[PDB]
Amino acid sequence: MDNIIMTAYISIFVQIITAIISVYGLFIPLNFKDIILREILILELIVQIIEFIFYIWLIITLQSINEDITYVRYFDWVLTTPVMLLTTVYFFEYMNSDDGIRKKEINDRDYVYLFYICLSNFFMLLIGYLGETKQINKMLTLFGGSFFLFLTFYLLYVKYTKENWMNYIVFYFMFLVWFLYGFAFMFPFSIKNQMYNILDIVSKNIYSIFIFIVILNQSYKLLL
Ligand SMILES: CCCCCC/C=C\CCCCCCCC(=O)OC[C@@H](O)CO
Ligand SMILES: *C/C=C(C)/C=C/C=C(C)/C=C/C1=C(C)CCCC1(C)C
Ligand SMILES: CCCCCCCCCCCCCCCCCCCC
Ligand code: NA
């Protein structure tokens, strides 16, 4: 109990600092080509609002814990993970498009394909929820959930990446981190939840800090 709590406190700490940074980021002036970065950052802040609600719920609920509350995380992830996938698409498009591009152009052109990505991701989460609540066995959950995780990342890769190291870094770092949520599913209650608490720092908050630094680097002459 103490270690789930302490890791949640660490995760909260990084959330609060990150959110402050992200807010200032929204007001940094941007050149035409960089506007999509602010579009990304406001979606990451929305993700933060949801995440924070779950973590306050968690630390309160952990005071008197009798039930395995792990499943409640899925009510967060079903809202946050599609947003994160959209923002990943937008960042790849930003990195890889020669001309400036904004989210409206991407959404209007690709909404069907984006729905397929989010649908695959939804099936991954549904299978995990069934496993986490013990409606299917662990082995089926890991093979079915991993199948959909792969499919989601394959769809991402083949439409949105280019073959270069700045793509490989963004793509594989994320793919590995998301795969580690499946790895955590294997473990007993306390270890599993400690691993989700820290993984959320990496999968959400580090991404926001990354975007902030990209913004500050692109725009620092407009600031100074
Ligand atoms: C235009 C600049 C592009 C430079 C890209 C490579 C440069 C530096 C490395 C940045 C630090 C790691 C990448 C953060 C973005 C990312 O993958 O986070 C996913 C993470 O949340 C886990 O899911
Ligand atoms: C901010 C929260 C995030 C990014 C949560 C992500 C969760 C996953 C990628 C879950 C993955 C799973 C597997 C890979 C297999 C089946 C079990 C899951 C759902 C835990
Ligand atoms: C002993 C049980 C409780 C442990 C609490 C601390 C556990 C987590 C330690 C690391 C937390 C920060 C993780 C940062 C990201 C990991 C590496 C990212 C590379 C880019
Ligand atoms: Na459970």
# chains A, B, ... in the order shown; residues from 1 in each chain; ligands from 1
>>> closest_atom_pairs(of="chain A", to="ligand 1", cutoff="7 Å", atoms="only C-alpha atoms and all ligand atoms", output="Markdown table")
| residue | atom | partner | partner_atom_place_in_ligand_line | distance |
| --- | --- | --- | --- | --- |
| A:95 | CA | ligand 1 | 1 (C) | 5.5 |
| A:166 | CA | ligand 1 | 5 (C) | 4.4 |
| A:167 | CA | ligand 1 | 5 (C) | 6.7 |
| A:169 | CA | ligand 1 | 6 (C) | 5.5 |
| A:170 | CA | ligand 1 | 17 (O) | 3.4 |
| A:171 | CA | ligand 1 | 17 (O) | 5.9 |
| A:173 | CA | ligand 1 | 17 (O) | 5.0 |
| A:174 | CA | ligand 1 | 23 (O) | 3.3 |
| A:175 | CA | ligand 1 | 23 (O) | 6.6 |
| A:177 | CA | ligand 1 | 23 (O) | 5.0 |
| A:178 | CA | ligand 1 | 23 (O) | 6.2 |
| A:202 | CA | ligand 1 | 21 (O) | 5.1 |
| A:203 | CA | ligand 1 | 21 (O) | 3.7 |
| A:204 | CA | ligand 1 | 21 (O) | 5.4 |
| A:205 | CA | ligand 1 | 21 (O) | 6.8 |
| A:206 | CA | ligand 1 | 21 (O) | 5.2 |
| A:207 | CA | ligand 1 | 21 (O) | 4.0 |
| A:210 | CA | ligand 1 | 14 (C) | 5.4 |
| A:214 | CA | ligand 1 | 2 (C) | 6.2 |
>>> residues_around(residues="range 30-32 of chain A", least_positions_apart="2", cutoff="6 Å", atoms="only C-alpha atoms", output="list in words")
residues 34, 35 and 219 of chain A
>>> write_last_selection(atoms="N, CA and C atoms", output="CSV table (one decimal), in the first residue's frame")
chain,number,residue,atom,x,y,z
A,34,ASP,N,5.1,26.3,-37.2
A,34,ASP,CA,5.1,25.6,-35.9
A,34,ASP,C,3.8,25.6,-35.1
A,35,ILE,N,2.7,26.2,-35.7
A,35,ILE,CA,1.4,26.3,-35.0
A,35,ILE,C,0.9,25.0,-34.5
A,219,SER,N,11.0,28.8,-31.1
A,219,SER,CA,10.5,30.1,-31.0
A,219,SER,C,11.3,31.1,-30.2
>>> residues_near_ligand(ligand="ligand 2", cutoff="6 Å", atoms="only C-alpha atoms and all ligand atoms", output="list in words")
residues 77, 81, 124, 125, 128, 141, 142, 145, 146, 149, 178, 179, 181, 182, 185, 200, 203 and 204 of chain A
>>> residues_around(residues="residue 1 in chain A", least_positions_apart="4", cutoff="12 Å", atoms="only C-alpha atoms", output="ChimeraX atom specification")
/A:5-8,58-59,61-66,68,189-194
>>> residues_near_ligand(ligand="ligand 4", cutoff="6 Å", atoms="only C-alpha atoms and all ligand atoms", output="MDAnalysis selection string")
chainID A and resid 68 70:71 132:133
